[PDB]
Each structure stands twice: as structure tokens, then as C-alpha cells.
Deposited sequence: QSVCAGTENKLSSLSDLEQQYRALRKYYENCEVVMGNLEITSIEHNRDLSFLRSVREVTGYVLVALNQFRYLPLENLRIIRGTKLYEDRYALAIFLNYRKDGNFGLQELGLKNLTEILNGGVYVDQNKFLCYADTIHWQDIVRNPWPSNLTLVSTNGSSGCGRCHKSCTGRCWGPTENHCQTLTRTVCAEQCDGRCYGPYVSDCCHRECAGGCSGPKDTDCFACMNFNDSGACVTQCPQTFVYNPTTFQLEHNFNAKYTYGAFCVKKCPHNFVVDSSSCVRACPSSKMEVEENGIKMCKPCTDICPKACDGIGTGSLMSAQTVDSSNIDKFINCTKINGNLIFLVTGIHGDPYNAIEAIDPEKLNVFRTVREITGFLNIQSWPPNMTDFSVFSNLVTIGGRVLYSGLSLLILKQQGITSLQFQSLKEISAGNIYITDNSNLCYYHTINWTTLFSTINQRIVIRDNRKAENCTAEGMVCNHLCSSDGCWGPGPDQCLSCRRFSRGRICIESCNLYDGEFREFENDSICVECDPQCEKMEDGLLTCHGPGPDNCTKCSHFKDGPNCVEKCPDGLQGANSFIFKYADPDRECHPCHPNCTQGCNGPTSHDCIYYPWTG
């Protein structure tokens, strides 16, 4: 119930070893479920790791390498799911945890509760001072074959009660076998050796009893405390009628859960909370609920975002993929601009992006995931290329954020002109030393949830902006503006002609006469005759609402 993201650094770390330690603490303290990888690399001998006792579960892999500390306190870790593996093979990798000099290193693993490794193998090798780990029956902990499950002197023997398999020297250090020791009738795990003691087939880790509500962890989905293979579907087959019937106890699949409702920003397909519609279907709203329905004739231009489908491999928009965005109106995924995207990645022979090519985004109206701007061409002062962007769904978040604009010196205004909705996630606009209009925006008007925060730090001081005349146009409401001019408001103080706020419509004078559709100035039908001498040309839309016909 206290979830964190975890790193994807592998063996990479910070040069400052205290900063490396401080980062480990930052990322993983008070976290129960690591929703990704638990990477513990390059940690000094002295260091306190007691905070790791918080960890119960790891979604991806566990990498413990190049450290010098005596003991690994993952005493509450039960399951490693191995959804993503180290070197695409190991769910658990513990290696080189000593100093080559030969002073100190890892001596004991506190994994007495690690009874499940769902996918992947175990690589415990090159740990000069590690004891007892050799005695571990990993074959019991790994649920499926993984042609890599092995452990590679002057070590104490296991306690008598341990049966030669233990994590440490004491009688309280015995390895709890939960699979090989079961009755020939258990198909899963067990808490004893008789048929009475088998776990439900859906229990991961182990159990405290026979029911699907007695699990330590779920193999698949959690439906109100019950470990299920699938959620109750919306339809149910009746065997006597040979027809599908409505199941009114149906629940929606969201992540590893059966939920009474999908998050508002997510789409509903089947009895499931998805992030994107299949290429064949199109997103439609029915009583506030986004759903996948078949296309009228031709499906809208939805494009793979950075880290999705055709761009799964991608980490940033670059010269090699900028052209995959021609004519996109919707981005199924994220848009990320990293330093190596804008300024090129020489090692992988990718040239710096052509700043003109960033105009491909002028067609983009929606970004379903997140917008992450960590780099931008220096000659570009704003994000006017995103002048048509209306929604950021936040169906995917980067550290809980749906909007990131950081370290950008060249930007002086934002210019997200069409922007009206940031459905989920928080905003992080920091260290853009010359940015100036951000402080006027009532970001709250863009949010859907009340849990949505805003982190605005170290941009140009609001006082400095005001003194240099970087203020909103008088026709802007108290909600703010994206940059200078009347076209850049969040809402108008009076009337509006298209994207620009004005004082009054062309009711009695002007090239094209207009009627007021309550603050929106709409041009009279071309058939209406231009009425002079204080007369209105039209009193509504269409040729029926004319004053005189031309």
C-alpha cells in the first residue's frame, strides 16, 4: 500500500558515494512495494540500510552489486516478480559485494522471507566473504524454468534444526522451504507437509491457511482481498440458454486489481482499465466514461509515444524518430525531450535534432501519458509548437508527474495556448531561469483531482517579471496567460474572436459583421447583407437568422 518506482540504472551510480547512498535512501525508504527495480550498488561499509526492511515486494528485479556493507536487511522481502530482468535473465543478482583489497564485504543475506521469484533466475557469485548463501535451495524459491539458478570457504555450519539450509548461523535463520516440502497433492506452495497444509493455487510466496484470502502475495490479481486469476467479467455465459448475460457483480481490471471503477483518465475496454485503444477501435465518451468503440470508417491519427509500440526502445524524441510524428493528433504514450535528443547522441550515431522539425507537433491535440521537457533548442523561447495541445491525460506518470519543464534557460514564456486539461499527475516547472508567465497561471483550473499538486521553483522571480513588464494582457481573466498578447489567455475578461480576446464583437462596424454567442464572436452568414447605420447584420447563426438577404 506504500508504492515507489525504483531505478533503472543497472551498475551505473553517482560519483559522490554519499550522494549515491543518499539517493538509495531517497528512492526506497518507507516503500513496501517497489514497482520496478531495487538497485543497491556502490554502497560503503559504514552505511545504515535498516530502511530496506520496509520492502515486502519487487515488481522487476533485485540488483545488489559492488557494495562493501556486511549485511543486506531485506528481512521483509517475500516476492520478486521479475516482470523485467537484469541482463534479461536474472530476477536476483548479488555479485562483487566486497573490496578487491580484501578488508570488508557482504557476509550475510537477510532474505528469510524471500520464498518466491515468479520469473527469472538467480545469480549469486563473486562475493568473497558471503556465508550460508551456498546452503540455499533456490530451486524451491524460483517458481518456473531459468537455466541459470546457482551460488558460487571458512564459513560456519548451519544450525542443527536448519537441516543444512540457512541464511545465517542461528536456529532462527533456517530457510523456509515452501514448495519441495509439500504433500504430493499440493500444486502450489504450503505451510506444512500434509494435504491440510496446501496453499490456494493463486497464492504467491506462501499462505497462513487454505483460502485464496490467506495468501502472502497474489499470483495474478487482487479482488477485495481474494487472489483471483482474472476479474469478474461484464458478461457471463449461461449454459442452458447458450447466450452471454450481464454480470452485475463485474469488476474492472486495473493493474493487479479488480476495481469497482476505472480512474477517470483511463479508457474502458472489456472489463479492463487500459491506457490506449487498440489500433482498430477509437476512444469515445459516454456519460463521462472513455471507451473503446469501433471506428466510424477511418480511425483517428493516434501515434506511438516515447516508450510505446514502435517506439518501445526510445527514451527521447530525436532526429531518428521526429518524422514518426507527421500529422499526429493524439500521442498514445509520452513525449520526452532529453539532452541527448535535442543535442544528439554521438555514441549511437544520432545527429542533433533540426529545430524546424519540432513543428510536427503543431497537429498534436492530446498526449495520453506525460510531457517531459528536459532539453530544448537554445534559439527557441517557448513551446508554441504545442499551440494545439488541449489535454495531458497522465495515464502514465514520471515520478507522479504529468508535466515537466526543467533546466531550460532559453525559454521566456510557455505558450501552451490551447491547453485546458491535465487529468492526472503533478506539474514540475523548475530551474528555467528566464521563464516569465508561469506565476500568473491558476494551474488548479487545469486539474481534475484535488490530489494534483504544482512544484514551481527557481524560475524568474515574479517580482522581476512584473518590473520588466512581462505581464498578462488586460483582456485576460484572473486565471492568467501562457505568454504575452491577447491570444495567450487562460480565459477572457470580456469577448473572444477565435483564439484572441477582444472588448466587443463587430456588431455595428467592421469588415465581417458578427453576433455574440455569449462571449464568442461568430461571423454572420455570407448571405446576410452588411447592415449600416447602427443596425445588426444578423441575430444568430445561419441564413435563417439574417436581417436582410444580400
**Missing residue ranges, deposited sequence indexing starting at 1** = 146-147, 155-158, 557-615
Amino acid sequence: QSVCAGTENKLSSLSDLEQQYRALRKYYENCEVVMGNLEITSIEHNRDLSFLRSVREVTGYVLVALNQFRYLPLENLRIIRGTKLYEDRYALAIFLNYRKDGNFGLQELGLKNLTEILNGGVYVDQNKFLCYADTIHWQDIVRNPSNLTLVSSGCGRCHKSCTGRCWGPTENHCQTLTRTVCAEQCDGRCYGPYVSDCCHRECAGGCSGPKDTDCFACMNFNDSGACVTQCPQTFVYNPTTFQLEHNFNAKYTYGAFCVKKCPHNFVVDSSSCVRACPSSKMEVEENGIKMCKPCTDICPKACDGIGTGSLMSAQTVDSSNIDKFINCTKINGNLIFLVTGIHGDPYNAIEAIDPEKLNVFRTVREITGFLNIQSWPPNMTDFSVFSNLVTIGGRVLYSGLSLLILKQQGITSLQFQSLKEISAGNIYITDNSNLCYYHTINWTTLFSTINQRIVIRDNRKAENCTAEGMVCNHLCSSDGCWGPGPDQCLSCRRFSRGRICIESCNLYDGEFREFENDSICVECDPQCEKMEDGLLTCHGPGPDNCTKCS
From here on, numbers count along this sequence of modelled residues.
**Complete:** Higher of the two mean Cα B-factors (364-372, 124-132; per PDB record) comes from 124-132
**Message:** On mean Cα temperature factor in this entry, is 345-353 or 174-182 the higher one?
**Reply:** 345-353
**Message:** Per the entry's Cα B factor values, which of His200, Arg157, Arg275, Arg78 stands out as the maximum?
**Reply:** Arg157
**Request:** Between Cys303, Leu85, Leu335, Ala204, let me know which has the highest C-alpha B-factor in the entry?
**Result:** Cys303
**Request:** Compare the C-alpha B factor of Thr59 with those of the other modelled residues in its chain, then answer lowest, middle or highest third.
**Result:** lowest
**Request:** Would you check the entry's CA temperature factor for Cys489 and let me know if it's in the chain's lowest, middle or highest third?
**Result:** highest
**Prompt:** According to the PDB entry, is the CA B factor of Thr445 in the bottom, middle or top third of its chain, that is, lowest, middle or highest?
**Reply:** middle
**Fill in**
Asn37: C-alpha B-factor third of its chain, per the entry, is the lowest
**Fill in**
For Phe242, the third of its chain by CA B-factor is the lowest
